[PDB]
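> One structure, as structure tokens, below. Some questions next.
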Amino acid sequence: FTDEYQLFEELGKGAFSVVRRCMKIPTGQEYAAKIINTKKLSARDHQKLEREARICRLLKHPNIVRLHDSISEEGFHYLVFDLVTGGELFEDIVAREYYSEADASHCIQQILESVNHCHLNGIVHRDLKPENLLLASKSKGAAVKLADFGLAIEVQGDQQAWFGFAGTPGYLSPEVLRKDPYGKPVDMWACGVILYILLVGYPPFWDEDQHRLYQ
Amino acid sequence: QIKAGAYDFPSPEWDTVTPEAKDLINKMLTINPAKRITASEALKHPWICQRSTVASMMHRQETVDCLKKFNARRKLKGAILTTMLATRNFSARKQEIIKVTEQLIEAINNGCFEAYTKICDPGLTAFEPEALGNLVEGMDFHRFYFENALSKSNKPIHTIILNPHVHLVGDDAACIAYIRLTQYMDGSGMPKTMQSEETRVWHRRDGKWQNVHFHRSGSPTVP
């Protein structure tokens with residue numbers, strides 16, 4: 001990595017990963033480097049990171065966090081993502097002095113563009129939620145970017161199947177809760193939940209008891 | 001059957017019984033005890049106090065022959081001691097609970113978390129030795145054993161389900177209790193066996209039997 005790029009400040013750190021602002025010195029760029037201490041990565045975690053990188057390499061779209069490079073070293077693998085500075089879309093909205101349906105529609109248009117790109121490439125995100133809707137920068141008109149494909153699956157065309165009970169409760173689809181085979185439409189249900197929230201600021205399904213929520 | 005008063009007088013044997021004898025039976029086998037004939041009243045029933053004119057005097061050989069069998073069975077079933085016999089003649093409904101239970105155990109043995117989360121309710125609770133006397137909720141606690149041991153370890157294991165007992169508690173709810181015998185290879189490569197006792201509560205939701213709670217005692221399922 002240091003080979004070509006250059007590391008800087010830390011933007012975060014997980015259990016096996018540390019993320020830092022980076023720069024491709026040869027081209028004066030600026031990316032986010034996900035530095036993985038491969039010596040701490042388990043076998044099942046190794047299986048999921050291989051899936052997330054393969055999916056991210058396959059998705060090239062303005063409204064999707066782009067994986068720019070993957071390279072290994074001595075027990076330390078590097079993943080170069082786009083640098084995202086604008087934080088959560090939902091956090092930006094509360095700071096705005098004006099916000100209308102037109103603003104919400106412009107947001108959902110971008111989210112739908114990313115979801116459509118995922119689906120067109122046989123990929124289902126399965127965890128669309130506010131935490132995964134980021135703004136590229138703090139610029140006045142920064143682009144909405146879909147992030148974190150750690151729960152994303154690879155589907156065969158339009159074939160439905162049971163890929164497991166995964167997602168965030170408030171955004172889970174009826175078909176997953178019914179334990180039915182499912183596919184791309186689960187993301188569109190989540191979009192509908194997000195759109196509802198973008199208009200009035202509270203969720204369409206909410207309950208202290210999760211069982212009641214799922215009903 | 002008793003609570004429903006579900007008895008009848010099948011032909012042919014009852015075709016030759018007098019109406020008055022059937023009447024007295026009906027008044028004794030009245031579900032509502034407030035409306036049941038009393039001992040004083042029965043002693044005045046025509047079949048009792050006017051037997052000479054009411055009760056038949058025909059010989060009932062088929063009653064004698066049947067009583068012989070009744071008595072013989074009664075003397076064979078005479079339990080001198082408390083005897084507890086397993087269940088082996090299962091309805092289709094009870095077999096359904098056994099099947100989905102074995103599908104769940106199979107998914108655990110094969111480390112198939114997708115099947116596990118399909119069969120188990122998201123709000124599943126559990127008592128198990130792995131949980132050290134705590135009631136655990138959700139899939140998190142169980143996810144650890146799938147993501148690691150259940151597929152990581154490469155050793156042969158054989159599960160046996162002994163003496164399952166199924167309670168049907170409504171059209172969409174059931175309870176199953178069984179002994180879980182597990183044969184496996186230990187660290188030294190020697191064969192071992194362990195036993196657990198397991199209760200699983202099942203609720204039919206969206207047309208699918210789903211496990212909402214289970215209780216394991218004895219050994220922990222991971223060797």
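Every chain in the structure tokens has a letter given in the order shown (A, B, ...), and although residue numbers restart at 1 in each chain, ligands are simply numbered from 1 in the order shown.
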Mind dumping a table of every chain A residue within 8 Å of chain B, with the nearest atom pair and its distance in Å to one decimal, using only C-alpha atoms, sorted by chain and rising number, as CSV?

```
residue,atom,partner,partner_atom,distance
A:44,CA,B:147,CA,6.1
A:162,CA,B:114,CA,7.4
A:163,CA,B:114,CA,6.3
A:164,CA,B:114,CA,4.3
A:165,CA,B:117,CA,5.7
A:178,CA,B:206,CA,5.9
A:179,CA,B:118,CA,5.6
A:210,CA,B:123,CA,7.7
A:211,CA,B:123,CA,6.9
```
> Give me a file of those residues, with N, CA and C atoms, as a PDB file, in the first residue's frame.

```pdb
ATOM      1  N   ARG A  44     -14.738 -17.459   9.335  1.00  0.00           N
ATOM      2  CA  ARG A  44     -16.058 -17.007   8.906  1.00  0.00           C
ATOM      3  C   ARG A  44     -16.053 -15.523   8.565  1.00  0.00           C
ATOM      4  N   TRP A 162     -34.516 -18.641   0.046  1.00  0.00           N
ATOM      5  CA  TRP A 162     -34.328 -18.262   1.441  1.00  0.00           C
ATOM      6  C   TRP A 162     -32.836 -18.098   1.700  1.00  0.00           C
ATOM      7  N   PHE A 163     -32.392 -16.852   1.837  1.00  0.00           N
ATOM      8  CA  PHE A 163     -30.996 -16.547   2.103  1.00  0.00           C
ATOM      9  C   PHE A 163     -30.718 -16.300   3.579  1.00  0.00           C
ATOM     10  N   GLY A 164     -31.710 -16.470   4.439  1.00  0.00           N
ATOM     11  CA  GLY A 164     -31.538 -16.307   5.866  1.00  0.00           C
ATOM     12  C   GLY A 164     -32.291 -15.096   6.394  1.00  0.00           C
ATOM     13  N   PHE A 165     -32.451 -15.069   7.715  1.00  0.00           N
ATOM     14  CA  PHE A 165     -33.131 -13.969   8.397  1.00  0.00           C
ATOM     15  C   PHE A 165     -32.088 -12.904   8.710  1.00  0.00           C
ATOM     16  N   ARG A 178     -42.256 -13.679   7.122  1.00  0.00           N
ATOM     17  CA  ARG A 178     -43.032 -14.894   6.912  1.00  0.00           C
ATOM     18  C   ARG A 178     -42.155 -16.114   6.666  1.00  0.00           C
ATOM     19  N   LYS A 179     -40.837 -15.933   6.576  1.00  0.00           N
ATOM     20  CA  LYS A 179     -39.895 -17.016   6.309  1.00  0.00           C
ATOM     21  C   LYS A 179     -40.058 -17.575   4.898  1.00  0.00           C
ATOM     22  N   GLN A 210     -40.925  -6.270  19.793  1.00  0.00           N
ATOM     23  CA  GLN A 210     -40.517  -6.616  18.435  1.00  0.00           C
ATOM     24  C   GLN A 210     -41.528  -7.546  17.777  1.00  0.00           C
ATOM     25  N   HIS A 211     -42.072  -8.494  18.543  1.00  0.00           N
ATOM     26  CA  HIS A 211     -43.085  -9.395  18.006  1.00  0.00           C
ATOM     27  C   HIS A 211     -44.263  -8.616  17.431  1.00  0.00           C
TER      28      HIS A 211
END
```
> When you look at residue B:193 with a cut-off of 8 Å (counting only C-alpha atoms), what residues show up, excluding the ones that are within fewer than 5 positions of it in the same chain? I need them as a PyMOL selection string.
chain B and resi 181-184
> Would you please give, as a PyMOL selection string, all residues of stretch 80-190 of chain A that DSSP assigns to helix (DSSP H, G or I) based on the backbone?
chain A and resi 89-95+101-120+130-132+169-171+174-177+185-190
> Please provide the set of residues having any atom within 9 Å of residue B:164, restricted to only C-alpha atoms, with same-chain residues fewer than 2 positions apart removed, written as a PyMOL selection string.
chain B and resi 86-88+98+161-162+166+176-179
> Go through stretch 159-206 of chain A and flag each residue having an atom no more than 7 Å from stretch 104-124 of chain A; for those, report the closest pair of atoms plus their distance in Å to one decimal, using only C-alpha atoms, ordered by chain and rising number, as a tab-separated table.

```
residue	atom	partner	partner_atom	distance
A:183	CA	A:124	CA	6.9
A:184	CA	A:124	CA	5.6
A:187	CA	A:124	CA	7.0
A:195	CA	A:108	CA	6.9
A:198	CA	A:104	CA	6.1
A:199	CA	A:104	CA	6.9
```
> Grab the residues selected above and save them as a PDB file, in the first residue's frame with N, CA, C and O atoms.

```
ATOM      1  N   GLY A 183     -36.044 -12.021  -2.567  1.00  0.00           N
ATOM      2  CA  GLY A 183     -35.014 -11.520  -3.454  1.00  0.00           C
ATOM      3  C   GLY A 183     -34.971 -10.007  -3.521  1.00  0.00           C
ATOM      4  O   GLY A 183     -35.062  -9.328  -2.493  1.00  0.00           O
ATOM      5  N   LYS A 184     -34.843  -9.469  -4.732  1.00  0.00           N
ATOM      6  CA  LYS A 184     -34.696  -8.027  -4.904  1.00  0.00           C
ATOM      7  C   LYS A 184     -35.798  -7.208  -4.243  1.00  0.00           C
ATOM      8  O   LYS A 184     -35.487  -6.131  -3.705  1.00  0.00           O
ATOM      9  N   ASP A 187     -35.411  -5.035  -0.895  1.00  0.00           N
ATOM     10  CA  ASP A 187     -34.813  -3.706  -0.886  1.00  0.00           C
ATOM     11  C   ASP A 187     -35.847  -2.626  -1.167  1.00  0.00           C
ATOM     12  O   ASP A 187     -35.761  -1.525  -0.608  1.00  0.00           O
ATOM     13  N   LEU A 195     -38.592   6.121   2.540  1.00  0.00           N
ATOM     14  CA  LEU A 195     -39.344   7.226   1.955  1.00  0.00           C
ATOM     15  C   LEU A 195     -40.380   7.762   2.935  1.00  0.00           C
ATOM     16  O   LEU A 195     -40.531   8.980   3.087  1.00  0.00           O
ATOM     17  N   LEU A 198     -38.589   9.886   5.379  1.00  0.00           N
ATOM     18  CA  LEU A 198     -38.111  11.131   4.790  1.00  0.00           C
ATOM     19  C   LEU A 198     -39.207  12.183   4.687  1.00  0.00           C
ATOM     20  O   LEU A 198     -38.896  13.372   4.567  1.00  0.00           O
ATOM     21  N   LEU A 199     -40.478  11.782   4.738  1.00  0.00           N
ATOM     22  CA  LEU A 199     -41.567  12.731   4.546  1.00  0.00           C
ATOM     23  C   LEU A 199     -42.116  13.291   5.853  1.00  0.00           C
ATOM     24  O   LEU A 199     -42.510  14.464   5.889  1.00  0.00           O
TER      25      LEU A 199
END
```
> Quick one: residues within 12 Å of residue B:39, only C-alpha atoms counted, chain neighbours fewer than 2 positions away excluded, as a PDB file with N, CA, C and O atoms, in the first residue's frame?

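Dumped everything to around_6.pdb:
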```pdb
ATOM      1  N   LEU B  24     -82.509 -44.613  31.543  1.00  0.00           N
ATOM      2  CA  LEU B  24     -81.824 -44.473  32.824  1.00  0.00           C
ATOM      3  C   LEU B  24     -80.347 -44.155  32.623  1.00  0.00           C
ATOM      4  O   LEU B  24     -79.783 -43.316  33.337  1.00  0.00           O
ATOM      5  N   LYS B  27     -79.948 -40.504  31.792  1.00  0.00           N
ATOM      6  CA  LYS B  27     -80.133 -39.591  32.915  1.00  0.00           C
ATOM      7  C   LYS B  27     -78.960 -39.645  33.885  1.00  0.00           C
ATOM      8  O   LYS B  27     -78.696 -38.662  34.587  1.00  0.00           O
ATOM      9  N   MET B  28     -78.250 -40.774  33.941  1.00  0.00           N
ATOM     10  CA  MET B  28     -77.039 -40.850  34.749  1.00  0.00           C
ATOM     11  C   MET B  28     -75.858 -40.205  34.037  1.00  0.00           C
ATOM     12  O   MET B  28     -75.067 -39.489  34.662  1.00  0.00           O
ATOM     13  N   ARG B  36     -78.190 -34.175  36.517  1.00  0.00           N
ATOM     14  CA  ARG B  36     -78.019 -35.618  36.573  1.00  0.00           C
ATOM     15  C   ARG B  36     -78.952 -36.222  37.613  1.00  0.00           C
ATOM     16  O   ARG B  36     -79.165 -35.649  38.686  1.00  0.00           O
ATOM     17  N   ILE B  37     -79.515 -37.387  37.288  1.00  0.00           N
ATOM     18  CA  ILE B  37     -80.400 -38.063  38.225  1.00  0.00           C
ATOM     19  C   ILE B  37     -79.631 -38.406  39.494  1.00  0.00           C
ATOM     20  O   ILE B  37     -78.442 -38.750  39.453  1.00  0.00           O
ATOM     21  N   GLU B  41     -83.649 -40.644  43.072  1.00  0.00           N
ATOM     22  CA  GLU B  41     -84.518 -40.613  41.901  1.00  0.00           C
ATOM     23  C   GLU B  41     -84.375 -41.886  41.073  1.00  0.00           C
ATOM     24  O   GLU B  41     -85.376 -42.451  40.616  1.00  0.00           O
ATOM     25  N   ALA B  42     -83.140 -42.355  40.875  1.00  0.00           N
ATOM     26  CA  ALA B  42     -82.928 -43.572  40.096  1.00  0.00           C
ATOM     27  C   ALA B  42     -83.631 -44.764  40.733  1.00  0.00           C
ATOM     28  O   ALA B  42     -84.149 -45.638  40.028  1.00  0.00           O
ATOM     29  N   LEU B  43     -83.663 -44.819  42.067  1.00  0.00           N
ATOM     30  CA  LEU B  43     -84.349 -45.912  42.744  1.00  0.00           C
ATOM     31  C   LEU B  43     -85.842 -45.921  42.448  1.00  0.00           C
ATOM     32  O   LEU B  43     -86.507 -46.930  42.709  1.00  0.00           O
ATOM     33  N   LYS B  44     -86.383 -44.827  41.917  1.00  0.00           N
ATOM     34  CA  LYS B  44     -87.785 -44.754  41.530  1.00  0.00           C
ATOM     35  C   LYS B  44     -87.989 -44.881  40.026  1.00  0.00           C
ATOM     36  O   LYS B  44     -89.133 -44.840  39.563  1.00  0.00           O
ATOM     37  N   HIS B  45     -86.914 -45.031  39.258  1.00  0.00           N
ATOM     38  CA  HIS B  45     -87.045 -45.177  37.816  1.00  0.00           C
ATOM     39  C   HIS B  45     -87.775 -46.478  37.486  1.00  0.00           C
ATOM     40  O   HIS B  45     -87.527 -47.506  38.124  1.00  0.00           O
ATOM     41  N   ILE B  48     -85.978 -49.722  37.404  1.00  0.00           N
ATOM     42  CA  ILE B  48     -85.445 -50.170  38.686  1.00  0.00           C
ATOM     43  C   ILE B  48     -86.551 -50.662  39.611  1.00  0.00           C
ATOM     44  O   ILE B  48     -86.476 -51.769  40.145  1.00  0.00           O
TER      45      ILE B  48
END
```
> Take atom CA of residue B:68 and atom CA of residue B:49 and report the distance between them in Å, one decimal.
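That distance, rounded to one decimal, is 28.4 Å.
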